[PDB]
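Data file: entry-v1.cif. Format and content: mmCIF, C-alpha atoms and all ligand atoms.
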data_target
loop_
_atom_site.group_PDB
_atom_site.id
_atom_site.type_symbol
_atom_site.label_atom_id
_atom_site.label_comp_id
_atom_site.auth_asym_id
_atom_site.auth_seq_id
_atom_site.Cartn_x
_atom_site.Cartn_y
_atom_site.Cartn_z
ATOM 1 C CA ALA G 1 110.831 89.527 176.838
ATOM 2 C CA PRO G 2 113.598 92.124 177.211
ATOM 3 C CA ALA G 3 115.606 91.804 180.515
ATOM 4 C CA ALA G 4 116.441 88.087 180.651
ATOM 5 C CA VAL G 5 115.106 85.069 178.767
ATOM 6 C CA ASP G 6 116.154 81.498 179.520
ATOM 7 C CA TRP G 7 114.323 78.883 177.490
ATOM 8 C CA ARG G 8 115.844 76.031 179.571
ATOM 9 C CA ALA G 9 113.706 77.362 182.442
ATOM 10 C CA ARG G 10 110.573 77.171 180.272
ATOM 11 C CA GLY G 11 110.786 73.426 179.467
ATOM 12 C CA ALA G 12 111.875 74.158 175.864
ATOM 13 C CA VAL G 13 115.359 72.526 175.676
ATOM 14 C CA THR G 14 116.445 68.853 175.695
ATOM 15 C CA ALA G 15 119.440 67.462 177.632
ATOM 16 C CA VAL G 16 123.032 68.009 176.443
ATOM 17 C CA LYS G 17 124.231 65.460 173.891
ATOM 18 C CA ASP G 18 127.581 64.232 172.563
ATOM 19 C CA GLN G 19 128.806 64.510 168.977
ATOM 20 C CA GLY G 20 131.863 62.296 169.708
ATOM 21 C CA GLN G 21 134.626 62.222 167.071
ATOM 22 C CA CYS G 22 132.308 63.198 164.219
ATOM 23 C CA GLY G 23 132.418 66.735 162.726
ATOM 24 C CA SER G 24 128.630 66.828 163.006
ATOM 25 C CA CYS G 25 128.210 70.137 164.953
ATOM 26 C CA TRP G 26 126.012 71.457 162.098
ATOM 27 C CA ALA G 27 123.494 68.599 162.660
ATOM 28 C CA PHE G 28 123.426 69.076 166.462
ATOM 29 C CA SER G 29 122.791 72.820 166.039
ATOM 30 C CA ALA G 30 120.020 72.258 163.444
ATOM 31 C CA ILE G 31 118.249 69.445 165.395
ATOM 32 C CA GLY G 32 118.528 71.278 168.774
ATOM 33 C CA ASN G 33 116.800 74.266 167.132
ATOM 34 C CA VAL G 34 114.054 71.974 165.598
ATOM 35 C CA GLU G 35 113.398 70.318 169.006
ATOM 36 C CA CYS G 36 112.879 73.738 170.624
ATOM 37 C CA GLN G 37 110.753 75.146 167.750
ATOM 38 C CA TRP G 38 108.557 72.003 167.732
ATOM 39 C CA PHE G 39 107.823 72.379 171.477
ATOM 40 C CA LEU G 40 107.083 76.101 171.102
ATOM 41 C CA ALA G 41 104.584 75.283 168.352
ATOM 42 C CA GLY G 42 102.413 73.413 170.940
ATOM 43 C CA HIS G 43 103.881 69.893 170.841
ATOM 44 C CA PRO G 44 105.569 67.775 173.610
ATOM 45 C CA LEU G 45 109.367 68.189 173.894
ATOM 46 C CA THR G 46 110.704 65.249 171.884
ATOM 47 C CA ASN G 47 114.347 64.212 171.318
ATOM 48 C CA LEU G 48 115.064 64.219 167.588
ATOM 49 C CA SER G 49 117.678 62.501 165.380
ATOM 50 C CA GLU G 50 120.985 64.111 164.385
ATOM 51 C CA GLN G 51 121.973 60.766 162.781
ATOM 52 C CA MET G 52 119.173 61.295 160.226
ATOM 53 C CA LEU G 53 121.086 64.355 159.004
ATOM 54 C CA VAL G 54 124.666 62.950 159.344
ATOM 55 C CA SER G 55 123.801 59.791 157.340
ATOM 56 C CA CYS G 56 121.031 60.914 154.910
ATOM 57 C CA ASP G 57 121.621 64.612 154.150
ATOM 58 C CA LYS G 58 123.648 64.556 150.984
ATOM 59 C CA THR G 59 123.773 68.320 150.549
ATOM 60 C CA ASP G 60 126.142 68.332 153.554
ATOM 61 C CA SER G 61 129.218 66.225 154.314
ATOM 62 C CA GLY G 62 128.489 64.017 157.371
ATOM 63 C CA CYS G 63 131.437 63.824 159.750
ATOM 64 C CA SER G 64 133.396 66.290 157.562
ATOM 65 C CA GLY G 65 130.987 69.149 158.371
ATOM 66 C CA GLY G 66 128.033 71.004 156.994
ATOM 67 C CA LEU G 67 125.740 74.025 157.327
ATOM 68 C CA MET G 68 122.489 74.330 159.348
ATOM 69 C CA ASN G 69 120.774 76.229 156.449
ATOM 70 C CA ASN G 70 121.482 73.330 154.047
ATOM 71 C CA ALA G 71 120.256 70.829 156.675
ATOM 72 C CA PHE G 72 116.920 72.761 157.104
ATOM 73 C CA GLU G 73 116.397 72.845 153.342
ATOM 74 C CA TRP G 74 117.222 69.115 152.961
ATOM 75 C CA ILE G 75 114.474 68.279 155.535
ATOM 76 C CA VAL G 76 111.874 70.304 153.571
ATOM 77 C CA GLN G 77 112.969 69.631 149.940
ATOM 78 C CA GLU G 78 114.166 65.993 150.205
ATOM 79 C CA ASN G 79 112.621 64.423 153.325
ATOM 80 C CA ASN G 80 109.020 65.797 152.990
ATOM 81 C CA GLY G 81 109.496 67.976 156.097
ATOM 82 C CA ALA G 82 110.131 64.907 158.341
ATOM 83 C CA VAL G 83 112.470 64.777 161.297
ATOM 84 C CA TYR G 84 112.760 61.380 163.042
ATOM 85 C CA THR G 85 112.844 60.731 166.780
ATOM 86 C CA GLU G 86 116.263 60.071 168.296
ATOM 87 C CA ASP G 87 114.936 56.807 169.767
ATOM 88 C CA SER G 88 113.989 55.439 166.348
ATOM 89 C CA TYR G 89 117.285 56.620 164.746
ATOM 90 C CA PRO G 90 119.975 56.832 167.530
ATOM 91 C CA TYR G 91 123.390 58.432 167.162
ATOM 92 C CA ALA G 92 125.769 56.016 165.518
ATOM 93 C CA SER G 93 128.579 58.429 164.462
ATOM 94 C CA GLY G 94 130.529 58.800 167.749
ATOM 95 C CA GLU G 95 133.612 56.951 166.401
ATOM 96 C CA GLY G 96 133.975 59.495 163.537
ATOM 97 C CA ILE G 97 132.230 57.745 160.634
ATOM 98 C CA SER G 98 128.659 57.947 159.344
ATOM 99 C CA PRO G 99 126.985 54.593 158.474
ATOM 100 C CA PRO G 100 124.752 54.379 155.291
ATOM 101 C CA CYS G 101 121.382 56.114 155.395
ATOM 102 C CA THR G 102 118.331 54.019 156.185
ATOM 103 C CA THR G 103 115.041 55.554 154.885
ATOM 104 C CA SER G 104 112.609 53.400 156.860
ATOM 105 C CA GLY G 105 112.273 51.723 160.260
ATOM 106 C CA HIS G 106 112.065 55.213 161.860
ATOM 107 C CA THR G 107 109.223 57.308 163.385
ATOM 108 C CA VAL G 108 108.452 60.933 162.510
ATOM 109 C CA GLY G 109 108.850 63.000 165.701
ATOM 110 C CA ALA G 110 108.506 66.465 164.102
ATOM 111 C CA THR G 111 107.995 68.379 160.837
ATOM 112 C CA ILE G 112 109.085 71.786 159.561
ATOM 113 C CA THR G 113 108.047 73.916 156.593
ATOM 114 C CA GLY G 114 111.153 76.083 156.065
ATOM 115 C CA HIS G 115 113.648 78.370 157.785
ATOM 116 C CA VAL G 116 114.609 82.006 158.239
ATOM 117 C CA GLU G 117 118.013 83.668 158.321
ATOM 118 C CA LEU G 118 118.265 86.291 161.021
ATOM 119 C CA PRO G 119 120.105 89.722 160.791
ATOM 120 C CA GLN G 120 123.798 90.003 161.702
ATOM 121 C CA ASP G 121 123.027 92.050 164.796
ATOM 122 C CA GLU G 122 122.959 90.813 168.398
ATOM 123 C CA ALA G 123 120.152 93.139 169.546
ATOM 124 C CA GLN G 124 117.961 91.960 166.647
ATOM 125 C CA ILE G 125 118.796 88.290 167.378
ATOM 126 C CA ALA G 126 117.905 88.773 171.109
ATOM 127 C CA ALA G 127 114.534 90.310 170.125
ATOM 128 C CA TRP G 128 113.601 87.407 167.870
ATOM 129 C CA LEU G 129 114.853 84.802 170.421
ATOM 130 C CA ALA G 130 112.825 86.418 173.235
ATOM 131 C CA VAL G 131 109.560 85.677 171.376
ATOM 132 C CA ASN G 132 110.184 82.846 168.888
ATOM 133 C CA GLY G 133 112.679 80.760 170.893
ATOM 134 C CA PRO G 134 116.208 79.256 170.474
ATOM 135 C CA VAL G 135 118.327 80.134 167.427
ATOM 136 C CA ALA G 136 120.981 78.030 165.641
ATOM 137 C CA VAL G 137 124.273 79.986 165.404
ATOM 138 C CA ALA G 138 127.881 79.471 164.241
ATOM 139 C CA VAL G 139 130.888 80.536 166.369
ATOM 140 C CA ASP G 140 134.666 80.473 166.481
ATOM 141 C CA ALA G 141 135.112 77.870 169.217
ATOM 142 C CA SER G 142 138.951 77.690 168.957
ATOM 143 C CA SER G 143 139.383 79.057 172.528
ATOM 144 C CA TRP G 144 136.543 76.875 173.974
ATOM 145 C CA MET G 145 138.758 73.941 175.018
ATOM 146 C CA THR G 146 140.033 76.193 177.854
ATOM 147 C CA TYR G 147 136.489 77.149 179.065
ATOM 148 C CA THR G 148 135.985 76.084 182.673
ATOM 149 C CA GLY G 149 132.940 78.233 183.621
ATOM 150 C CA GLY G 150 131.728 81.788 184.351
ATOM 151 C CA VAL G 151 131.126 84.482 181.700
ATOM 152 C CA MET G 152 133.762 84.501 178.944
ATOM 153 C CA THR G 153 134.490 88.194 178.580
ATOM 154 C CA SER G 154 136.993 87.816 175.734
ATOM 155 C CA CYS G 155 136.819 85.266 172.933
ATOM 156 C CA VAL G 156 139.011 84.591 169.822
ATOM 157 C CA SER G 157 136.901 85.780 166.893
ATOM 158 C CA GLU G 158 138.593 85.009 163.574
ATOM 159 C CA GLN G 159 136.970 82.068 161.834
ATOM 160 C CA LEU G 160 133.650 80.227 162.231
ATOM 161 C CA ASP G 161 134.294 76.533 162.929
ATOM 162 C CA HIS G 162 131.426 75.298 165.121
ATOM 163 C CA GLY G 163 127.623 75.255 165.078
ATOM 164 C CA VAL G 164 125.793 75.567 168.445
ATOM 165 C CA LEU G 165 122.391 76.627 169.890
ATOM 166 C CA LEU G 166 121.529 80.018 171.486
ATOM 167 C CA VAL G 167 119.005 79.263 174.264
ATOM 168 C CA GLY G 168 118.879 82.604 176.141
ATOM 169 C CA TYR G 169 120.464 85.801 177.361
ATOM 170 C CA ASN G 170 120.653 88.054 180.417
ATOM 171 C CA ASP G 171 120.982 91.823 179.935
ATOM 172 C CA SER G 172 120.622 92.535 183.665
ATOM 173 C CA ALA G 173 123.863 90.760 184.785
ATOM 174 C CA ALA G 174 127.131 92.722 185.560
ATOM 175 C CA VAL G 175 128.258 91.932 182.025
ATOM 176 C CA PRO G 176 125.303 90.975 179.658
ATOM 177 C CA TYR G 177 125.678 87.458 178.243
ATOM 178 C CA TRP G 178 124.414 84.798 175.877
ATOM 179 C CA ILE G 179 123.633 81.238 177.078
ATOM 180 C CA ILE G 180 124.724 78.508 174.614
ATOM 181 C CA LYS G 181 124.050 74.804 174.443
ATOM 182 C CA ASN G 182 127.056 72.775 173.191
ATOM 183 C CA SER G 183 127.404 69.140 172.097
ATOM 184 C CA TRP G 184 130.568 68.089 173.988
ATOM 185 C CA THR G 185 128.784 66.264 176.944
ATOM 186 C CA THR G 186 127.862 67.693 180.385
ATOM 187 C CA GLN G 187 131.485 67.277 181.588
ATOM 188 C CA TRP G 188 132.522 70.309 179.538
ATOM 189 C CA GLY G 189 131.865 73.877 180.715
ATOM 190 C CA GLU G 190 128.832 74.623 182.841
ATOM 191 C CA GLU G 191 127.172 71.219 182.580
ATOM 192 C CA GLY G 192 127.505 71.297 178.754
ATOM 193 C CA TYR G 193 126.665 75.060 178.492
ATOM 194 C CA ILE G 194 128.664 78.251 177.983
ATOM 195 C CA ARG G 195 128.017 81.902 178.753
ATOM 196 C CA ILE G 196 129.835 84.439 176.542
ATOM 197 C CA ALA G 197 129.543 88.284 176.790
ATOM 198 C CA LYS G 198 126.817 89.916 174.682
ATOM 199 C CA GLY G 199 127.056 93.084 172.625
ATOM 200 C CA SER G 200 130.571 92.862 171.105
ATOM 201 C CA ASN G 201 130.277 89.901 168.678
ATOM 202 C CA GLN G 202 132.188 87.498 170.941
ATOM 203 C CA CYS G 203 133.196 84.335 169.074
ATOM 204 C CA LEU G 204 131.491 85.845 165.951
ATOM 205 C CA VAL G 205 128.045 84.876 167.377
ATOM 206 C CA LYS G 206 125.958 87.241 165.153
ATOM 207 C CA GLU G 207 127.268 86.088 161.735
ATOM 208 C CA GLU G 208 125.284 82.914 160.828
ATOM 209 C CA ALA G 209 122.083 82.876 162.875
ATOM 210 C CA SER G 210 119.010 81.024 161.609
ATOM 211 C CA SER G 211 116.001 78.971 162.670
ATOM 212 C CA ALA G 212 113.603 76.366 161.329
ATOM 213 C CA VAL G 213 109.960 77.412 160.886
ATOM 214 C CA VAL G 214 107.339 74.880 161.892
ATOM 215 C CA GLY G 215 103.663 75.182 161.149
HETATM 216 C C1 LIG K 1 131.535 71.510 163.368
HETATM 217 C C2 LIG K 1 132.042 70.521 164.395
HETATM 218 O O1 LIG K 1 132.758 71.013 165.421
HETATM 219 O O2 LIG K 1 131.703 69.342 164.437
HETATM 220 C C3 LIG K 1 131.893 70.991 161.959
HETATM 221 O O3 LIG K 1 133.316 70.907 161.813
HETATM 222 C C4 LIG K 1 131.325 71.833 160.844
HETATM 223 O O4 LIG K 1 130.224 71.570 160.369
HETATM 224 N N1 LIG K 1 132.014 72.929 160.392
HETATM 225 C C5 LIG K 1 131.609 73.751 159.202
HETATM 226 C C6 LIG K 1 132.241 75.154 159.302
HETATM 227 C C7 LIG K 1 131.766 75.935 160.550
HETATM 228 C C8 LIG K 1 130.345 76.420 160.448
HETATM 229 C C9 LIG K 1 129.281 75.649 160.947
HETATM 230 C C10 LIG K 1 127.960 76.004 160.657
HETATM 231 C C11 LIG K 1 127.696 77.133 159.865
HETATM 232 C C12 LIG K 1 128.747 77.924 159.378
HETATM 233 C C13 LIG K 1 130.069 77.565 159.685
HETATM 234 C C14 LIG K 1 132.036 73.082 157.907
HETATM 235 O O5 LIG K 1 133.173 72.619 157.762
HETATM 236 N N2 LIG K 1 131.200 73.249 156.831
HETATM 237 C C15 LIG K 1 131.356 72.471 155.586
HETATM 238 C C16 LIG K 1 130.386 72.949 154.496
HETATM 239 C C17 LIG K 1 129.976 71.801 153.544
HETATM 240 C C18 LIG K 1 129.041 72.320 152.450
HETATM 241 C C19 LIG K 1 131.173 71.088 152.922
#

Just dump the structure as structure tokens.
Ligand SMILES: *[C@@H](C(=O)O)[C@H](O)C(=O)N[C@@H](CCc1ccccc1)C(=O)NCCC(C)C
Amino acid sequence: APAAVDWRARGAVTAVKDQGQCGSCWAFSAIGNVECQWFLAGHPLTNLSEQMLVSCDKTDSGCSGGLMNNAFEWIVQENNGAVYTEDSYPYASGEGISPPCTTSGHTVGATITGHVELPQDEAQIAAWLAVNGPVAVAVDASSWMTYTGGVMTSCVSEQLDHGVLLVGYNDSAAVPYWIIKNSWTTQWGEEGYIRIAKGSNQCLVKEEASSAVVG
């Protein structure tokens, strides 16, 4: 609802995780979005498995990268809409390799039916996020190793290289900003989060926005 929305303050977001040495940002962005969308559909907030995607999603490339839209379609088209709990399939790719996929011995924590791709417009993305919840986005995170806190008012915006999760915004602050959940532990940034200015396509935030649809 227009002025400021923060889904972390509405019990809709899990704790910050760690991707380690694996190039699995795509899986953390897709699962973080599913966890939020599952809660907002009237279910308890449950931690879900990124490892399920890194090891079993063959339409993406494990620790060499992927795309959240291919991950969402693999869940629906190849895994019968199932997303396992993180406890039944823990992260095992922190050293930079993805072990072979195991198709059993896991528990279904959530299900989805599809996904939507959102417009390349920050005002339109804020409007959808305000009502339907957190959105998976891709950014140029090349300048993010120097982020120590506060609102980043200028960001290098040349090439998308990192998938993250948009969890809110604040249009009433001195400079309007986006609130983003990252997967580089709570020791990075603002306890694992980053605020970037909103309205000028900082870090190319409006280019690849999408979300799973559950129901
Ligand atoms: C992100 C990471 O920091 O771990 C990881 O390198 C990654 O998945 N990068 C992809 C490119 C950036 C991006 C992410 C999500 C959506 C759009 C762009 C990546 O290399 N994609 C590979 C595509 C597959 C099909 C080979």

Please provide the set of residues having any atom within 6 Å of range 133-137 of chain G, restricted to all atoms listed in the file, with same-chain residues fewer than 5 positions apart removed, written as a VMD selection string.
chain G and resid 29 33 163 to 167 208 to 211

Neighbours of ligand LIG 1 (chain K) within 9 Å, counting only C-alpha atoms and all ligand atoms, as a ChimeraX atom specification?
/G:19-29,59-70,136-141,159-164,183,207-209

Would you write out those residues with C-alpha atoms, as a JSON list (two decimals), in the frame of the given file?
[["chain", "number", "residue", "atom", "x", "y", "z"],
["G", 19, "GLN", "CA", 128.81, 64.51, 168.98],
["G", 20, "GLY", "CA", 131.86, 62.30, 169.71],
["G", 21, "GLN", "CA", 134.63, 62.22, 167.07],
["G", 22, "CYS", "CA", 132.31, 63.20, 164.22],
["G", 23, "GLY", "CA", 132.42, 66.74, 162.73],
["G", 24, "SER", "CA", 128.63, 66.83, 163.01],
["G", 25, "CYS", "CA", 128.21, 70.14, 164.95],
["G", 26, "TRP", "CA", 126.01, 71.46, 162.10],
["G", 27, "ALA", "CA", 123.49, 68.60, 162.66],
["G", 28, "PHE", "CA", 123.43, 69.08, 166.46],
["G", 29, "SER", "CA", 122.79, 72.82, 166.04],
["G", 59, "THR", "CA", 123.77, 68.32, 150.55],
["G", 60, "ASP", "CA", 126.14, 68.33, 153.55],
["G", 61, "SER", "CA", 129.22, 66.22, 154.31],
["G", 62, "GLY", "CA", 128.49, 64.02, 157.37],
["G", 63, "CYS", "CA", 131.44, 63.82, 159.75],
["G", 64, "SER", "CA", 133.40, 66.29, 157.56],
["G", 65, "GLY", "CA", 130.99, 69.15, 158.37],
["G", 66, "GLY", "CA", 128.03, 71.00, 156.99],
["G", 67, "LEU", "CA", 125.74, 74.03, 157.33],
["G", 68, "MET", "CA", 122.49, 74.33, 159.35],
["G", 69, "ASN", "CA", 120.77, 76.23, 156.45],
["G", 70, "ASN", "CA", 121.48, 73.33, 154.05],
["G", 136, "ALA", "CA", 120.98, 78.03, 165.64],
["G", 137, "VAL", "CA", 124.27, 79.99, 165.40],
["G", 138, "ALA", "CA", 127.88, 79.47, 164.24],
["G", 139, "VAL", "CA", 130.89, 80.54, 166.37],
["G", 140, "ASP", "CA", 134.67, 80.47, 166.48],
["G", 141, "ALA", "CA", 135.11, 77.87, 169.22],
["G", 159, "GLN", "CA", 136.97, 82.07, 161.83],
["G", 160, "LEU", "CA", 133.65, 80.23, 162.23],
["G", 161, "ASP", "CA", 134.29, 76.53, 162.93],
["G", 162, "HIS", "CA", 131.43, 75.30, 165.12],
["G", 163, "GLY", "CA", 127.62, 75.26, 165.08],
["G", 164, "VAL", "CA", 125.79, 75.57, 168.44],
["G", 183, "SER", "CA", 127.40, 69.14, 172.10],
["G", 207, "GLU", "CA", 127.27, 86.09, 161.74],
["G", 208, "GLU", "CA", 125.28, 82.91, 160.83],
["G", 209, "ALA", "CA", 122.08, 82.88, 162.88]]

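The two atoms in question, CA of residue 82 in chain G and CA of residue 115 in chain G, are spaced 13.9 Å apart.
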
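Counting only C-alpha atoms, the residue from G:197, G:36, G:52, G:145 that sits nearest to residue 184 in chain G is G:145.
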
Among listed residues G:213, G:191, G:41, G:105, nearest residue 15 in chain G (using only C-alpha atoms)
G:191

Could you state the separation of CA of residue 95 in chain G and CA of residue 31 in chain G in Å, given to one decimal place?
19.8 Å

Neighbourhood query: residues within 12 Å of (127.7, 91.8, 180.6), file coordinates, counting only C-alpha atoms; return as a count of residues only.
24

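Closest approach to residue 158 in chain G among G:118, G:205, G:1, G:125 is made by G:205 (distances from only C-alpha atoms).
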
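Note that CA of residue 104 in chain G and CA of residue 54 in chain G are 15.6 Å apart.
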